[PDB]
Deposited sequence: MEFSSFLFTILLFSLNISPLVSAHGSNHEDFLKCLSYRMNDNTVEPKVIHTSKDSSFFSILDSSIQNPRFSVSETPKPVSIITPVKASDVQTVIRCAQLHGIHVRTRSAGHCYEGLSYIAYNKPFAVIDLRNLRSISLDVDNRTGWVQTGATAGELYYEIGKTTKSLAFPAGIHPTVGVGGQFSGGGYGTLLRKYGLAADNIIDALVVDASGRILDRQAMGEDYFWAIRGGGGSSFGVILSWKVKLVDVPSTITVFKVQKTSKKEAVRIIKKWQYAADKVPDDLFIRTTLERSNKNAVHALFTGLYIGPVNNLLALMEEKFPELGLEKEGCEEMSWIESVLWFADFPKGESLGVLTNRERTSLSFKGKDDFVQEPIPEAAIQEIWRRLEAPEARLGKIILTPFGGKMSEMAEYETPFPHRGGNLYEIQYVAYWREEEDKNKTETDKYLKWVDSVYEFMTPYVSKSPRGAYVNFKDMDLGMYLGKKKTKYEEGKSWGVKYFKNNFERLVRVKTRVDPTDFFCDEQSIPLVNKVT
């Protein structure tokens, strides 16, 4: 690692290379940890962090690492559910933090833009929304999530039924491969270009930039919220949502969240985004979902960019500038998810409601996100993300807790157990053989490389088919061509072929 450091100085700037002796080290590392439970002293620390400022720096890191046997991890904005962008287990590593490469240059008239991978979804949103009210981009709702990790793993949000995933809307890209070669879509090839758009970027290289396709939105859209605190009534409505939500027009997004209310009781929160006017939303909802009981008072017409702040839980009429904040979260979490292919029984709905009444589920959520629309229109093979037609909705079980509590691992166990238990309960009701999982919600509990099988291929196949289903074999083929040394690897990365 010593020579490695020297190798970097042979130009890669001195003051973008951090090690433990640098006063500005634990701060650089701690800054973009967006799951605080993985910021504890007992978790593995890197022996160096590099914050590149030009592409050439990244190249040098890739080339020098391989030359001196140094393992790396790449961080954009650090929302990895298991912290695998700044944690490597059982072998010393360094971190390529992309915080300095976040330049966003749009071409609003040609509906494209280049987005450097250090940028957050919020920054991208801000750049678009401040410039034009008639364009958008389909990514997640949480502004501090980086485009690096999110886009390379798929990326859904309130426009998925209309426009699909973020990865479904990328038309070129720059990646540094195991050589240190900077490759655009033309230079990298279609197989490479495919793999990086959902396959999990940590398996394929260092993605430097995305070329996005901007999508059209009306200057006026409509959001709505309906709250149901009565279990009986809410369970009734959720049953109906299960049949309606994935079949409504592409313009209508209806999410169901089960969680605590301010009055410390379980409720069902139905929130949505309609790509059109309020009267059209209302007529559509009495037709397809009159059980929700939506009325004008539950609705609000605003711009799409304003709907971003809305879904991101900011005060109404807040300045768009909050999209640009990259502040550290204070809530640790454990998340798992599932895909539902046919409506779960009323009995299932009541039980998962019941489990949220648990004391340790006070900051927990069960979130039901409707697919259908563009999501069933697109075929499995089109991008590595496999969960298309046949999936009614995706469901995430996530428990949050205050980072203070992390001081006693034994105490935060109850949250893990909570999340594990509801997931186990849901087994008979969700997809099976394989049980589908979303790679942007990384879960070591589905399996990791430890030495269970002879080769990495047979061991990695285990969780591989859960994340990627029938797309797993292609990813492995692409992986074998583009990265035959297997330089880019973590605890769940795509394996080389046998």
No C-alpha coords for deposited residues 1-27, 38-42, 531-533
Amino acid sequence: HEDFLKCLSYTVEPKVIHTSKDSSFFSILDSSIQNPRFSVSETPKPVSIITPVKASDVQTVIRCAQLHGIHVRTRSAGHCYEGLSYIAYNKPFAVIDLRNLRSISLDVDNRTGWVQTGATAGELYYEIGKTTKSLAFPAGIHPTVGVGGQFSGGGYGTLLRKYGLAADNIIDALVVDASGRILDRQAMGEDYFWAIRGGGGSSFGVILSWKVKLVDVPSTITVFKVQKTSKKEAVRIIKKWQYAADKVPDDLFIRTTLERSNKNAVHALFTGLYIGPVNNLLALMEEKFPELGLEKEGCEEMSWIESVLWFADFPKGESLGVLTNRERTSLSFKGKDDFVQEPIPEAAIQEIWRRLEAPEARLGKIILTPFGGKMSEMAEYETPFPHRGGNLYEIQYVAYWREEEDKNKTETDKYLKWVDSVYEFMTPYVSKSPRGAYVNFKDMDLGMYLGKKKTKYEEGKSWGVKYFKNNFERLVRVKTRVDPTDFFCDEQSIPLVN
From here on, numbers count along this sequence of modelled residues.
Per the PDB entry, mean CA B-factor is higher for 181-189 or 299-307, namely for 181-189
Please compare 431-439 with 31-39 and say which has the higher mean C-alpha temperature factor in the record. 31-39
For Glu380, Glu424, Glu405, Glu127, the deposited C-alpha B-factor is largest at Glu405
From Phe93, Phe270, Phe204, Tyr163, pick the one with the largest CA B-factor in the entry? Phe93
Ranking the modelled residues of this chain by C-alpha B-factor as given in the entry, is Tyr397 in the lowest, middle or highest third? lowest
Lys45 CA temperature factor, ranked by third within the chain: highest
The third of the chain into which the C-alpha temperature factor of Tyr467 falls is the lowest
Based on the deposited C-alpha B factors for this chain, I'd like to know if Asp109 is in the lowest, middle or highest third. highest
Within-chain third of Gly78 by Cα B-factor, per the entry: middle
